[PDB]
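Worksheet: one structure, shown below.
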Amino acid sequence: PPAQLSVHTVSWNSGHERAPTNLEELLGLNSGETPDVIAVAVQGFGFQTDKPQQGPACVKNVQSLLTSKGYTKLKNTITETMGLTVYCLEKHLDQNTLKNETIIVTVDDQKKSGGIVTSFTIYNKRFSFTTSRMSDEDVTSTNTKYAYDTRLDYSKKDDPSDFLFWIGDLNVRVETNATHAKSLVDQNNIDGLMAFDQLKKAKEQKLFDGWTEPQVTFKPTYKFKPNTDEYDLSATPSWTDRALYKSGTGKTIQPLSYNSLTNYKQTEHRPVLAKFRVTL
Ligand code: HEM
């Protein structure tokens with residue numbers, strides 16, 4: 001049993017955009033790293049029905065690339081608005097302790113808002129990965145617009161997971177006007193602008209309680225003119241895709257890297273890649 005494992009996560013609010021065919025940068029593999037687990041989350045429109053017939057490319061191109069490196073797909077789950085896939089190096093899996101389970105939670109009668117949780121055990125430690133999606137206009141268990149529900153939080157279980165990650169657009173925004181936000185971006189005052197970000201507000205309301213974000217040094221990932229590095233100032237520049245971590249059992253989780261991937265410019269949000277090292 002190793003002392004430590006590495007975890008890469010990436011999430012993208014990708015909308016109606018197809019998967020890119022260049023996936024190595026997106027998963028954080030392009031400097032030759034071989035992380036122990038990889039989780040990929042999206043938010044957008046149409047995945048499950050898959051009118052665009054994109055599914056096979058996603059499968060063919062990912063299943064392609066990760067299999068050489070010795071990964072196994074534990075689970076892919078899709079809905080009409082969300083997607084979550086988790087992979088683990090084959091070498092770590094004991095099939096009769098793994099207890100591979102996924103739930104889906106739905107908050108509205110159209111099943112457009114809610115979340116997904118995929119959990120599994122290796123070396124007698126339990127991992128849980130969550131993504132979630134909320135609209136600004138819905139009525140919720142929380143009476144907020146933030147993409148939190150206690151049913152997706154495996155730290156609020158009688159038996160909480162050892163390592164927990166929550167990845168996606170949490171519907172947390174920057175609560176100031178665009179002029180001021182754009183001024184702070186141009187000054188590279190990232191912490192100054194973070195002062196207006198809604199995650200702390202969500203936590204004051206006991207949402208995402210005890211969940212930690214790695215330090216943010218990148219500029220807002222939204223809202224861009226597609227194919228440029230130019231903000232569309234019709235919205236206040238915000239941090240949309242986020243990675244949060246927690247342990248339910250006093251285990252150390254150390255972020256290594258937390259970055260937006262500006263080379264993926266196809267849409268209005270830029271994907272966010274986090275790398276962690278966990279101590280079992
Ligand atoms: C219009 C947009 C998209 C549609 C309609 C769509 C549809 C799907 C469907 C139906 C699957 C599962 C099919 C199966 O299991 O046979 C899938 C898998 C997946 N897609 Fe997408 N996709 C879209 C965009 C994206 C984007 C932007 C990403 C970003 C990376 C992505 C990443 C994935 C991943 C990782 C899988 C799992 C691949 C595997 O089997 O290992 N997709 N896609």
Side-chain angles (χ1 to χ4, degrees), residues 9-20 22 25-26 40-47 52 80-83 112-113 131-140 142-148 166-205 207-208 211 213-244 257-274:
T9 64
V10 66
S11 79
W12 198 355
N13 185 338
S14 56
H16 288 260
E17 184 71 17
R18 296 169 184 278
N22 59 322
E25 199 174 7
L26 194 74
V40 180
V42 300
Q43 149 169 349
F45 295 99
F47 309 115
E80 229 60 71
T81 69
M82 306 180 273
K112 295 188 210 218
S113 288
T131 192
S132 65
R133 189 286 203 183
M134 187 64 67
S135 63
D136 277 6
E137 306 172 347
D138 264 307
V139 179
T140 48
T142 68
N143 208 216
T144 79
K145 70 185 173 103
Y146 307 123
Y148 185 81
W166 199 315
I167 64 176
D169 176 3
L170 307 178
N171 209 37
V172 169
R173 297 295 183 261
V174 167
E175 200 179 325
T176 197
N177 63 74
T179 323
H180 186 60
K182 182 51 167 41
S183 188
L184 292 171
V185 171
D186 294 344
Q187 305 170 245
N188 203 48
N189 190 353
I190 296 308
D191 292 341
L193 187 50
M194 197 62 65
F196 300 96
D197 172 81
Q198 293 165 327
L199 185 59
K200 56 180 78 50
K201 297 197 214 294
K203 300 172 161 178
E204 284 184 343
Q205 303 195 60
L207 310 182
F208 298 109
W211 287 80
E213 188 172 19
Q215 173 188 199
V216 171
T217 65
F218 47 99
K219 294 164 214 70
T221 65
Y222 172 87
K223 178 186 192 166
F224 284 99
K225 300 194 188 72
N227 308 115
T228 73
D229 299 301
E230 290 174 35
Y231 292 98
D232 181 351
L233 297 168
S234 73
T236 298
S238 295
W239 291 277
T240 53
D241 285 281
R242 316 293 278 272
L244 314 173
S257 186
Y258 188 36
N259 285 106
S260 47
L261 299 177
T262 69
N263 292 329
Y264 296 88
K265 300 197 211 297
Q266 298 94 309
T267 201
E268 302 184 312
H269 306 249
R270 305 284 126 100
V272 178
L273 180 62

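One-based numbering along the sequence shown. Excluded from the calculations below are hydrogen atoms, water molecules and symmetry mates; all remaining heavy atoms, backbone and side chain alike, are included.
We find the OG1-NZ distance between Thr144 and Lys201 to be 13.0 Å, quoted to the nearest 0.5 Å. Atom-to-atom distance recorded for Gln43:CD and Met82:CE is 8.5 Å, nearest 0.5 angstrom. Atom CG of residue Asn259 and atom OG1 of residue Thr221 lie 12.0 Å apart, to the nearest 0.5 angstrom. The OG atom of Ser14 lies 13.0 Å from the CZ atom of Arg270; values are rounded to the nearest 0.5 Å. Atom NZ of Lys225 is separated from atom CD of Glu230 by 5.5 Å, given to the nearest 0.5 angstrom. Rounded to the nearest 0.5 Å, atoms CG (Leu193) and NZ (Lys182) are 11.5 Å apart.
Donor-acceptor pairing under 3.5 Å is lacking for the side chains of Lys112 and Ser135. The closest side-chain donor-acceptor pair between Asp232 and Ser234 falls under 3.5 angstrom. Under 3.5 Å, the side chains of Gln266 and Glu17 contain no donor-acceptor pair of N or O atoms.
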(message) Let's go through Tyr231 and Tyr222 carefully: what are the C-alpha distance in whole Å and the side-chain angles of both, what is the deciding distance for side-chain contact (heavy atoms from CB on, under 4.5 Å) to 0.1 Å, and is it a yes or a no?
(response) CA-CA 7 Å; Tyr231 292 98; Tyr222 172 87; over 6 Å; no

(message) Please evaluate residues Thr262 and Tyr264 with respect to the criterion side-chain contact (heavy atoms from CB on, under 4.5 Å), reporting the C-alpha separation (whole Å), side-chain torsions for both, the decisive distance (0.1 Å), and the verdict.
(response) CA-CA 5 Å; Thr262 69; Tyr264 296 88; over 6 Å; no

(request) Quick one: do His269 and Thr240 satisfy side chain to side chain donor-acceptor pair (under 3.5 Å)? Show the steps, please. (result) CA-CA 8 Å; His269 306 249; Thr240 53; 2.7 Å; yes

(message) What verdict does the side chain to side chain donor-acceptor pair (under 3.5 Å) test give for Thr140 and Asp138, after you've listed the backbone C-alpha separation in whole Å, the side-chain angles of each residue and the deciding distance to 0.1 Å?
(response) CA-CA 6 Å; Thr140 48; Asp138 264 307; over 6 Å; no

(message) Could you go through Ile190 and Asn188, starting from their C-alpha distance and side-chain angles, then the distance that decides it, and tell me whether this counts as side-chain contact (heavy atoms from CB on, under 4.5 Å)?
(response) CA-CA 6 Å; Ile190 296 308; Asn188 203 48; 3.6 Å; yes

(request) Show your working on side-chain contact (heavy atoms from CB on, under 4.5 Å) between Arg242 and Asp197 and close with a plain yes or no. (result) CA-CA 12 Å; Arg242 316 293 278 272; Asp197 172 81; 2.9 Å; yes

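Judged purely by atom type and a 3.5 angstrom limit, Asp241 uses its side chain to pair as donor or acceptor with the backbone of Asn13. The backbone N or O of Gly168 lies less than 3.5 Å from no partner atom in the side chain of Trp12, so there is not a single donor-acceptor pair. At distances below 3.5 Å, not a single donor-acceptor pair connects side-chain atoms of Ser11 with backbone N or O atoms of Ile167. For the pair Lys145 (side chain) and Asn171 (backbone), a donor-acceptor distance under 3.5 Å is present. Remark: side-chain polar atoms of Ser238 are paired, donor with acceptor, to backbone N or O of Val174 under 3.5 angstrom. At distances below 3.5 Å, at least one donor-acceptor pair connects side-chain atoms of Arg18 with backbone N or O atoms of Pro52. The closest donor-acceptor contact from the side chain of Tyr258 to the backbone of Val272 lies at 3.5 Å or more, if one exists at all.
Partner of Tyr146 under the side chain to side chain contact (heavy atoms under 4.5 Å, CB included) criterion, chosen from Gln205, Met134, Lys203: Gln205.
A pairwise comparison of heavy atoms in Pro214 and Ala243 identifies CD-O, 3.2 Å as the closest pair. For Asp169 against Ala147, the heavy-atom pair with the smallest separation is O-CB, 4.3 Å. Here the closest heavy-atom approach between residue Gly44 and residue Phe47 is recorded as N-CE1, 3.4 Å. Closest approach of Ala195 to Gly192, counting heavy atoms only: CB-O, 3.2 Å. Of all non-hydrogen atoms in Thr236 and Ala178, the two that sit nearest each other are OG1-N, 3.4 Å. Considering every non-hydrogen atom in both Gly83 and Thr131, the closest pair reads O-CG2, 4.0 Å.
Atom NZ of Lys219 is surrounded by 12 or fewer heavy atoms from other residues, nucleotides or ligands within 6.0 Å. Remark: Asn143 CG is loosely packed, at most 12 non-hydrogen atoms of other residues, nucleotides or ligands lying under 6.0 Å away.
By the 30° and 60° cut-offs, the orientation of the rings of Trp166 relative to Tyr148 is parallel. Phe45 and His16 have parallel rings, their planes meeting at less than 30° on a 0 to 90° scale where 60° marks the start of perpendicular.
Residues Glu213 and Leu199 are in side-chain contact: their nearest non-hydrogen atoms beyond the backbone lie under 4.5 Å apart. Proximity of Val172 to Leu170: side-chain heavy atoms (C-beta onward) are separated by under 4.5 Å at one or more points.
Using a 4.0 Å cut-off between charged nitrogen and carboxylate oxygen, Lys265 and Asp229 count as a salt-bridge pair.
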